[PDB]
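One chain is shown next in structure tokens, namely the form deposited in one PDB entry.
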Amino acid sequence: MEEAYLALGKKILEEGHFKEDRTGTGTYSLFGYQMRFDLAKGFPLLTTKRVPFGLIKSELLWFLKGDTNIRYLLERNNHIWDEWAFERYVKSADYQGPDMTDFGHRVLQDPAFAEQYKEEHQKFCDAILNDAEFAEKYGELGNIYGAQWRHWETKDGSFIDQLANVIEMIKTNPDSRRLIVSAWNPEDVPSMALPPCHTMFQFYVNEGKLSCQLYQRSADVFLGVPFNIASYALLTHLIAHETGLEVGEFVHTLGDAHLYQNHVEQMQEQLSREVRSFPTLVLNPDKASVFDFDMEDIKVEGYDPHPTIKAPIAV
């Protein structure tokens, strides 16, 4: 239930110890947590703040087609992965704009700089969208989720389609204790723009219901987890659709669960709001495979959230 998510935020506010982090933002953090969502009780898109489903859909579909270039996202007005690509670009020999070192913090502190970053970021998005040589070089994030799900590269010149294999094993071997997809590929991790935050997931089938457990090594509680929960709930629904199953539970297991220190007022504001009913997922009945779904084939209905709560992403 949404309550389980809100209790996590509250526990971190109360007892999450301060921890320096890679991003230089600083976090309050706990280690080891588990939340369960019964998918039969509604689609888990949070109601205590508006969570944009279109972004969640486009990101999942991008994962599912095995794509690790941000061009596909930009064409669907999804900018959630922009900063890491832009970061690679501004560190490259080809960038010749104003200095962008530490842009992630500097935009919050210095408005003249915020305006330069907005200008450079606009030119970057334009070039990815319109210049295919530029897209190919600078849209690339390395072998992140899409690549490992669809195209885990083997030692003898091939690739494993892990996710398609797990879907097929659910159909013919539902009681398998190995229905696993891992994005943690030790060889590719160093050249990934980020190692996988949502790291490994496992399926389970009982009395015609499909459940999914995600192990998430690193969880951005305010900004990222709402996306992650909906993303894996959507995936479980797509797979249940293809395999002719009903949906069971999504179980979300966390390693370093953290609230960024500049998300604290936002989380507090969120905790002051009454929970509403989760919406309902609607999927196009005519699509057979998970890999056949496009944007128009997936919607959420009866979604009536409290207003958007804005917060800065830690780069």
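Here the rigid core means the biggest group of C-alpha atoms that line up within 1.5 Å when the two forms are laid on top of each other. The first residue of the shown sequence is 1; numbering continues from there.
When the C-alpha B-factors of 65 to 73 and 282 to 290 are averaged, 282 to 290 comes out higher. Just going by the entry, 203 to 211 versus 221 to 229 on mean CA temperature factor gives the higher value to 203 to 211.
The maximum CA B-factor among the listed residues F86, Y117, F159, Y145, taken from the PDB record, is found at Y117. Among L245, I128, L163, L179, the highest C-alpha B-factor recorded in the PDB entry belongs to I128.
In this PDB entry, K10 carries a Cα temperature factor that places it within the lowest third of its chain's modelled residues. Sorting the modelled residues of the chain by their CA temperature factor places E274 in the highest third. Among the modelled residues of its chain, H151 has a C-alpha B-factor that falls in the middle third, as given in the PDB entry. In this PDB entry, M169 carries a Cα temperature factor that places it within the middle third of its chain's modelled residues. Ranked against the other modelled residues of its chain, the C-alpha B-factor of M192 as given in the entry falls in the highest third.
The form deposited in another entry exists for this protein as well; it is not shown, and the discussion that follows is about that form.
Only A85, out of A85, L245, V166, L238, shows a C-alpha shift of 2 Å or more between this form and the one not shown on alignment of the rigid core. Residue displacement note: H17 has its CA displaced by under 2 Å between this form and the one not shown (rigid core superposed).
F134 shows a C-alpha shift of 2 Å or greater between this form and the one not shown [criterion: core-superposed Cα displacement of 2 Å].
Superposition of the core reveals a Cα shift of 2 Å or more for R71 between this form and the one not shown.
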